[PDB]
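S.K.: Got a structure for you, questions after.
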Amino acid sequence: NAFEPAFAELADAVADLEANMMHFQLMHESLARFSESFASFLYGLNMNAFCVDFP
Amino acid sequence: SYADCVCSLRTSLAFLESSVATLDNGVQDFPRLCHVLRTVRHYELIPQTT
């Protein structure tokens with residue numbers, strides 16, 4: 001009754017929040033895959049060094 | 001006959017000398033790394049996790 005356009009503004013704000021949160025979710029997943037590849041990469045690198053540590 | 005033989009054979013040996021000379025200038029550094037990696041070659045792998 002009193003906050004009709006106010007709640008419309010809230011609807012817009014939550015829509016923007018949904019957009020930013022989707023970008024966060026997506027980009028964090030992207031970085032998760034990135035980090036996992038580089039983690040397993042250097043992991044196995046350490047494993048090879050951990051097994052046959054050169055002179 | 002002999003003229004062609006001596007000239008051509010001399011050129012052959014000259015180019016062979018060129019070959020080995022440039023190879024000296026471009027490969028002489030290998031034995032250092034060879035000795036290095038021979039010392040590094042001690043490898044044995046057993047994946048404990050596998």
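Residues are named by chain letter and number: chains run A, B, ... in the order of the structure tokens, numbers start at 1 in each chain, and ligands are numbered from 1 in the order shown.
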Near residue 43 of chain B, within 12 Å and counting only C-alpha atoms, which residues show up once chain neighbours fewer than 4 positions away are dropped, as a PyMOL selection string?
M.R.: (chain A and resi 48-55) or (chain B and resi 37-39)
S.K.: Counting only C-alpha atoms, which residues from chain B have an atom at most 9 Å from any atom of chain A, and could you show them as a PyMOL selection string?
M.R.: chain B and resi 39-47
S.K.: Keeping only C-alpha atoms, take the residues you just selected and write them out as an mmCIF file, in the first residue's frame.
M.R.:
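Result file follows (selection_20.cif):
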data_model
loop_
_atom_site.group_PDB
_atom_site.id
_atom_site.type_symbol
_atom_site.label_atom_id
_atom_site.label_comp_id
_atom_site.auth_asym_id
_atom_site.auth_seq_id
_atom_site.Cartn_x
_atom_site.Cartn_y
_atom_site.Cartn_z
ATOM 1 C CA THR B 39 74.460 -38.047 -13.300
ATOM 2 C CA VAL B 40 70.719 -37.177 -13.192
ATOM 3 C CA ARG B 41 69.567 -40.475 -14.831
ATOM 4 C CA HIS B 42 69.078 -42.310 -11.488
ATOM 5 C CA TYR B 43 65.343 -42.974 -11.859
ATOM 6 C CA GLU B 44 63.073 -45.532 -10.215
ATOM 7 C CA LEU B 45 59.312 -45.105 -9.849
ATOM 8 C CA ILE B 46 56.760 -47.090 -7.844
ATOM 9 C CA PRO B 47 53.395 -45.298 -7.458
#
